[PDB]
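Contents: one structure, followed by commentary.
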Amino acid sequence: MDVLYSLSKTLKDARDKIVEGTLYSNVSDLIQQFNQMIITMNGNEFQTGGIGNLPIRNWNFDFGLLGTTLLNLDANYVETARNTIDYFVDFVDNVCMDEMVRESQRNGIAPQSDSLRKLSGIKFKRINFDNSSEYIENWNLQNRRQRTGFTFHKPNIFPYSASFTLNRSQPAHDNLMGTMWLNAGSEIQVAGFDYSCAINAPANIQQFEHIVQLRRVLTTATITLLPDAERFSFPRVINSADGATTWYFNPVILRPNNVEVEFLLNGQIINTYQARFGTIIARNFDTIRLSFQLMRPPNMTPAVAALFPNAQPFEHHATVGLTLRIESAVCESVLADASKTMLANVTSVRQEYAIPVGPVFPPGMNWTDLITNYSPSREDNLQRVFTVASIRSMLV
Amino acid sequence: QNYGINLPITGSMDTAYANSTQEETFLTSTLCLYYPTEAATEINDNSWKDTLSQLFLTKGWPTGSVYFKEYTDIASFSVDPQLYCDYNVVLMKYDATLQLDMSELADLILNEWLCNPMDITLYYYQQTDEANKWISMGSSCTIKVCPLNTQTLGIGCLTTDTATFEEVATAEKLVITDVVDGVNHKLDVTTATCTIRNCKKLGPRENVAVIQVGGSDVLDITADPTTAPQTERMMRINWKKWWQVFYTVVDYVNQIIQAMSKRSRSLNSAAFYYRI
Amino acid sequence: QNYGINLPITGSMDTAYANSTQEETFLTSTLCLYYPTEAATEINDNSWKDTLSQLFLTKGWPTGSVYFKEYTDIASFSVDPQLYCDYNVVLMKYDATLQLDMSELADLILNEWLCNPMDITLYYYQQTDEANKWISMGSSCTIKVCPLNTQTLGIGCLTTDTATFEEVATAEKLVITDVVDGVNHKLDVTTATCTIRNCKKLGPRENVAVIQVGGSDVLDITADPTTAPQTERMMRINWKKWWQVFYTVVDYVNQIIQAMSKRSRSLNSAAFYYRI
Amino acid sequence: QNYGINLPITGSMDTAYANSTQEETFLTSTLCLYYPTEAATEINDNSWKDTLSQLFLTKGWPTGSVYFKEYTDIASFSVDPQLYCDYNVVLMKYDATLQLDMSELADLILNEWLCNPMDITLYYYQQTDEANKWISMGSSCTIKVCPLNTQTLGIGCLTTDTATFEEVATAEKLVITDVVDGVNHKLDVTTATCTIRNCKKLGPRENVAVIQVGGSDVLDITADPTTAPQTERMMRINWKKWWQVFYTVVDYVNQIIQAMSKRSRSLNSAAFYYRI
Ligand SMILES: *[C@@H]1O[C@H](CO)[C@@H](O)[C@H](O)[C@H]1NC(C)=O
Ligand SMILES: *[C@@H]1O[C@H](CO)[C@@H](O)[C@H](O)[C@H]1NC(C)=O
Ligand SMILES: *[C@@H]1O[C@H](CO)[C@@H](O)[C@H](O)[C@H]1NC(C)=O
Ligand SMILES: [Ca+2]
Ligand SMILES: [Ca+2]
Ligand SMILES: [Ca+2]
Ligand SMILES: [Ca+2]
Ligand SMILES: [Ca+2]
Ligand SMILES: [Ca+2]
Ligand SMILES: [Ca+2]
Ligand SMILES: [Ca+2]
Ligand SMILES: [Ca+2]
Ligand SMILES: [Ca+2]
Ligand SMILES: [Ca+2]
Ligand SMILES: [Ca+2]
Ligand SMILES: [Cl-]
Ligand SMILES: [Zn+2]
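If you read the protein sequences in the order shown, they are chains f, t, v and V.
Anchor point for the first sequence: position 26 equals 26 in the entry's author numbering, and the numbering is continuous, going up by one each time.
Anchor point for the second sequence: position 121 equals 171 in the entry's author numbering, and the numbering is continuous, going up by one each time.
Anchor point for the third sequence: position 201 equals 251 in the entry's author numbering, and the numbering is continuous, going up by one each time.
Anchor point for the fourth sequence: position 184 equals 234 in the entry's author numbering, and the numbering is continuous, going up by one each time.
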């Protein structure tokens with residue numbers, strides 16, 4: 001991996017710095033690294049595999065070294081460098097693609113493709129140089145049992161789930177008490193509804209609780225918390241739990257009461273925010289506990305009092321909602337996020353070459369299934385393929 | 051079921067709808083049509099029940115499922131009404147002079163009630179909650195109420211002299227009495243002629259629909275003056291003949307049953323649940 | 051220009067509202083007022099039509115554009131009423147005894163009906179869907195129906211003996227008959243006295259509004275028991291003097307017309323759909 | 051809270067037994083004792099009810115919670131007995147001549163029966179499954195049955211001649227009829243004198259216990275010949291003096307109530323299953 005990353009980095013530096021007219025002193029160290037790579041790779045035969053529709057490709061390396069005697073790079077030098085760079089970049093892209101479409105139940109972190117296994121031999125270790133990218137930095141840290149960190153803008157941490165729970169229900173579904181929620185990528189939109197508006201509830205208060213257990217621990221997380229769940233604020237016709245019938249939701253939104261957001265780590269409350277909205281910081285957590293209350297307004301104007309009778313039928317249903325949005329976070333594990341393209345790249349490569357479903361990832365690289373069952377083996381394989389994809393994105 | 055009544059039920063908002071269960075509901079349920087005697091008199095046919103059953107069969111109800119029960123008038127039907135089968139459709143002829151009696155009958159048969167005996171000869175009684183009423187029915191109900199105070203002394207009525215009590219009903223075949231809550235009341239009732247029970251309104255009754263034949267929207271199934279709900283089970287139609295009414299009931303039976311829900315039927319046909 | 055083809059319309063937001071077209075419509079449209087004879091009798095003036103025309107001219111309607119059509123009573127007006135103005139307002143007096151007839155008239159004029167002929171002597175007839183009814187009109191309609199079974203035999207009736215049939219109308223001048231769908235009925239109607247037609251309710255009729263003078267909300271323009279829709283075209287006004295009724299009608303003609311729309315079925319976009 | 055849905059319960063072992071709830075149940079529940087008239091006749095005391103109430107109060111039952119309902123004899127008590135207390139104990143005297151009637155009464159009160167109406171004049175009836183029976187009750191029930199074949203023709207009977215029918219009851223005040231399942235029967239019943247109902251046995255009724263006073267084990271509350279189950283709610287006592295019977299009942303009220311359970315159907319959980 002470090003050798004493959006170093007090949008990609010050397011090629012990227014060559015493409016960026018070996019330009020017509022540039023001082024040789026701008027590329028002397030780069031040219032030394034490039035020539036070392038050529039010497040190491042010369043005489044070696046590589047094969048990128050035939051898994052799926054990915055074609056079998058054979059790679060032979062017999063290239064001359066780049067010159068050193070020029071003071072400013074000219075057209076001839078740049079064309080020779082470009083030819084060598086193009087062949088090497090094609091090789092690196094094919095190796096990355098071959099590694100991305102492969103998965104092992106056991107050594108998911110270890111290289112899977114023949115080319116990358118060969119690159120892990122000692123004779124190629126000399127190619128290794130600056131490992132500065134975030135993904136390769138975390139890869140090296142993970143080779144040494146060191147604390148890893150991946151920063152995610154809007155991490156895709158919650159698997160998709162649009163579900164509801166009824167605490168009070170009847171076959172007629174006309175006096176209901178419960179919770180609706182959508183847990184999208186970085187979003188938790190939850191809403192507790194009471195059809196009776198807590199007319200018969202003790203103290204005229206109905207408590208609602210939502211617990212979201214994250215599959216990985218998030219640290220240094222910025223969360224925007226808003227007092228309304230717009231997703232559950234319009235009339236809906238909703239299937240029953242068994243799907244045997246449909247019920248009617250006609251929410252009227254009330255201000256959530258006694259809003260308490262707890263961010264917990266291993267069952268211990270790390271952060272607590274009461275009646276706070278806007279930006280909040282959750283420094284280290286793996287569980288979110290949103291507790292809110294529907295309080296019946298003790299003083300009601302005639303229209304409000306008209307909405308909420310003392311008995312059935314209940315035509316307007318009281319609802320209190322919260323929205324939680326993780327804008328940024330840090331995770332010790334790789335995750336999909338709104339900013340990077342690693343998941344997109346791996347999925348695209350797997351789809352383009354018709355890679356049959358393997359024993360590790362879910363079919364089609366579906367993120368919801370993958371994050372629902374984010375196991376250690378899946379974590380190893382996913383970090384491997386994401387690192388390879390980041391290496392490939394340097395060149396392709 | 052009972053031990054898990056206080057347990058959550060979780061459902062996904064993407065679970066595919068099941069097929070229509072209306073056919074299975076009809077093939078396994080029983081329907082009762084309550085109509086007044088004047089309806090059968092004006093129809094003036096002895097086989098009309100067979101014709102209606104056959105029309106219902108055309109509409110999907112197996113032969114034997116639909117039943118027809120007759121009642122003389124609103125007053126008589128109110129004396130301990132009995133709801134016999136899974137779906138009860140009550141055709142109530144409207145009369146502008148009996149608005150309160152229609153309201154009382156609709157309140158009794160469109161809501162669940164939990165009633166207890168009232169020994170008015172021995173104890174004073176209170177209505178603890180807005181859901182608490184006193185439902186009395188029989189051949190003739192005449193209820194006189196004397197509100198008391200902390201010392202049991204009647205207010206505007208001497209306890210011994212019933213003649214000074216306050217009249218709330220006279221010769222009623224059914225009456226739902228609602229007095230001020232938190233005040234003990236002495237009651238004089240014609241117990242020999244009619245029985246009074248202390249009842250609590252549990253909630254709506256889904257298996258009973260009331261179709262008001264002719265008239266306007268006058269039913270008030272809730273004692274609260276500020277609310278006069280018109281639920282989906284309170285229908286109203288215009289009529290010149292009863293055959294048209296019955297054909298309308300048969301043709302739109304699917305819609306009528308849609309307005310009603312299953313599982314609301316009780317083993318007993320009584321209009322309330324009695325605890326002694 | 052492309053008639054008989056339904057082309058999707060793909061408008062957008064932010065197109066900006068056009069100016070009020072109310073003045074242009076009043077300038078280019080005609081308004082018919084339908085009132086009972088007792089209205090003119092109580093007004094007792096030979097120039098009241100001219101004064102109302104002038105008052106409407108104060109509201110924008112050009113002189114000679116508002117027409118005043120008179121009818122004896124509801125029954126006489128229910129004899130195939132023809133409403134030919136761009137906007138029609140029917141001042142209908144309320145009567146507690148004629149609720150169903152009022153409802154039938156409103157249903158007939160507040161909705162669009164595609165009617166085809168019925169020859170009860172030649173064919174048996176069934177109502178295919180909930181929008182199919184039998185509308186009969188004339189001097190006196192008496193409809194008797196014999197439902198048949200799959201063996202083309204009467205149910206509770208003999209196909210040869212019309213005395214055993216079931217009466218759904220008597221001496222009516224307009225009646226809308228709804229029978230159970232999917233059943234063939236033999237019909238005995240006084241064809242010499244009135245005509246029956248098989249009519250499908252296409253939808254609302256938008257240029258006709260009904261103002262119920264006095265009374266309560268009793269109209270039911272839908273055969274469904276579960277639905278009694280009060281559309282914006284059904285007004286209700288309490289009254290003592292017909293002059294006040296007409297002053298209210300003229301003073302809120304803006305609101306009355308706003309509650310109505312140009313008849314879709316009688317404009318060029320309806321060409322080769324059913325008419326015009 | 052979640053009514054109408056069967057939620058699984060996932061209890062565990064080692065949760066530790068709770069304390070005795072017997073005292074709380076006696077404090078909060080009511081007990082009805084049903085005894086024959088001859089019991090009171092032999093006791094011959096006008097305060098025996100008060101003494102038994104006091105004796106029950108010694109056993110934990112609050113005063114005014116134990117009721118004493120009287121019935122003339124088994125036949126009269128089998129006329130739709132209404133057992134409304136939280137716990138019902140029926141002291142039933144044994145008669146060698148009334149074995150089947152005793153069995154029928156016990157089967158009717160020791161079990162739960164979901165009953166729907168029967169209109170023998172209009173429809174033919176069949177018993178679908180082994181839990182389906184016909185229960186008839188009233189002043190006198192005489193049921194005659196004509197089995198039919200697939201050609202809706204009587205078997206050993208003429209549908210038009212009820213004299214050829216087969217008699218299954220005569221002058222009964224309560225009878226449970228079990229006919230061959232899957233066969234349509236025409237029925238001739240004295241509808242004017244008594245009422246019949248199509249009843250499904252849902253299961254045991256737990257708040258009702260029957261103490262057979264004298265005699266042997268002769269009850270059979272199951273139509274199955276192969277089964278004669280003696281449930282824990284069927285006690286038998288040998289007797290000479292009714293005072294001894296009542297002293298035994300009060301002294302072992304703990305055991306009697308232990309043999310019973312709160313009516314599973316009559317409590318909040320059964321809401322939208324059948325009642326409450
Ligand atoms: C439901 O309807 C579908 C479509 O007609 C049919 O295939 C299926 O068998 C039906 N039954 C169930 C249980 O889905
Ligand atoms: C529309 O109305 C505005 C203001 O009422 C007026 O100035 C204008 O001339 C009218 N016509 C058009 C075409 O905008
Ligand atoms: C239960 O019984 C025990 C012993 O009989 C007694 O000490 C205790 O207070 C009772 N109550 C509870 C709640 O354990
Ligand atoms: Ca009354
Ligand atoms: Ca007084
Ligand atoms: Ca009260
Ligand atoms: Ca009210
Ligand atoms: Ca008419
Ligand atoms: Ca007939
Ligand atoms: Ca029809
Ligand atoms: Ca209607
Ligand atoms: Ca018997
Ligand atoms: Ca015989
Ligand atoms: Ca049987
Ligand atoms: Ca047996
Ligand atoms: Cl963003
Ligand atoms: Zn549900």
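The C-beta atom is built at its ideal place from N, Cα and C for all residues, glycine as well.
- Distances taken from the Cβ of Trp247/f to the heavy atoms of ligand 17 include one shorter than 7 Å.
- At least one CB of chain t lies nearer than 8 Å to the CB of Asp270/v.
- For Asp211/v, the number of other beta carbons within 10 angstroms of its own is below 16, and it is reported as exposed.
- A straight-line Cα-Cα distance of about 19 Å links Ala219/V and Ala146/V.
- Within the same chain, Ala321 and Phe322 come within 7 Å of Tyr53/V by CB-CB distance, once the 5 residues on both sides are set aside.
- Between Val140/v and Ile261/v, the CB-CB gap stays under 8 Å.
- By the criterion of a C-beta distance shorter than 7 Å, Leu148/v is surrounded in its chain by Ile124, once the five residues flanking it on both sides are discounted.
- Between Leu155/V and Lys119/V, the C-beta spacing is not below 8 Å.
- Spanning the alpha carbons of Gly253/V and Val217/f requires a straight line of approximately 53 Å.
- For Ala273/V, the distance from the CB to the nearest heavy atom of ligand 15 is below 7 Å.
- At a beta-carbon threshold of 7 Å, the residues of chain t lying near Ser240/f are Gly61, ordered along the chain.
- Note that the C-beta distance between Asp179/v and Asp231/v is below 8 Å.
- If you keep only unbroken beta strand (DSSP E) runs of at least 3 residues inside the stretch 151-177 of chain f, you get 162-168.
- Counting along the chain, no alpha helix (DSSP H) covers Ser190/v; the unbroken beta strand (DSSP E) around it starts and ends at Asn182 to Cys191.
- Taken in chain order, the whole alpha helix (DSSP H) runs of length 4 or more contained in the stretch 97-140 of chain t are 98-108 and 124-127.
- Residues of the stretch 165-183 of chain f with a C-beta atom less than 9 Å from some C-beta of chain V are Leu166, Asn167, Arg168, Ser169, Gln170, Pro171, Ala172 and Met177, listed in chain order.
- Only residues of its own chain outside the window of five on either side were considered, and among them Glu103, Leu370, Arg378, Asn381 and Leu382 have a CB closer than 8 Å to the CB of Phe361/f, listed in chain order.
- Burial check for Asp151/t: the Cβ neighbour count within 10 Å reaches 16 or more, so the residue is buried.
- The secondary-structure analysis by DSSP pairs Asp13/f with nothing; it has no beta-bridge partner.
- With 7 Å as the limit between CB and the heavy atoms of ligand 6, the residues that fall short of it are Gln177/t, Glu180/t, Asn182/t, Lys183/t, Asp228/t, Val229/t, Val230/t and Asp231/t.
- Secondary structure of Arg350/f (DSSP, three-state): helix.
- Between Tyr353/f and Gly52/f, the gap from beta carbon to beta carbon is short of 8 Å.
- Fewer than three pairs of CB atoms, one per stretch, sit closer than 8 Å, so the stretch 110-122 of chain f makes no contact with the stretch 293-301 of chain f.
- Annotation for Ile226/v indicates a beta carbon at 7 Å or more from all heavy atoms of ligand 11.
- Proximity of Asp211/v to chain t, defined by a Cβ-Cβ separation below 8 Å, is not satisfied.
- Proximity of chain t to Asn310/f at the Cβ level (cut-off 7 Å) is accounted for by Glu180 and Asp274, in chain order.
- Setting aside the 5 residues that flank it on each side, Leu70/f is surrounded in the same chain by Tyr24 and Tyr77, each with a C-beta closer than 8 Å to its C-beta; the list follows chain order.
- Pairwise C-beta distances place the stretch 173-188 of chain f in contact with the stretch 149-163 of chain f, as three or more of them are shorter than 8 Å.
- Taking C-alpha positions only, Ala259/v is separated from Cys244/v by approximately 26 Å.
- Around the beta carbon of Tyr297/V, fewer than 16 other beta carbons sit within 10 angstroms, so the residue counts as exposed.
- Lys99/t sits away from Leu237/V, with the two beta carbons spaced by 8 Å or more.
- Annotation for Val261/f: the continuous beta strand (DSSP E) segment containing it runs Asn257 to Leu265.
- The alpha-carbon of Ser240/f is positioned some 9 Å away from that of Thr60/t.
- The C-beta separation of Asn161/t from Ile271/t comes to about 7 Å, placing the pair in contact by the 8 Å criterion.
- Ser348/f and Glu99/f have their C-alpha atoms some 14 Å from each other.
- For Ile55/V, the residues of chain t that pass the 7 Å Cβ criterion are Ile59, in the order they occur in the chain.
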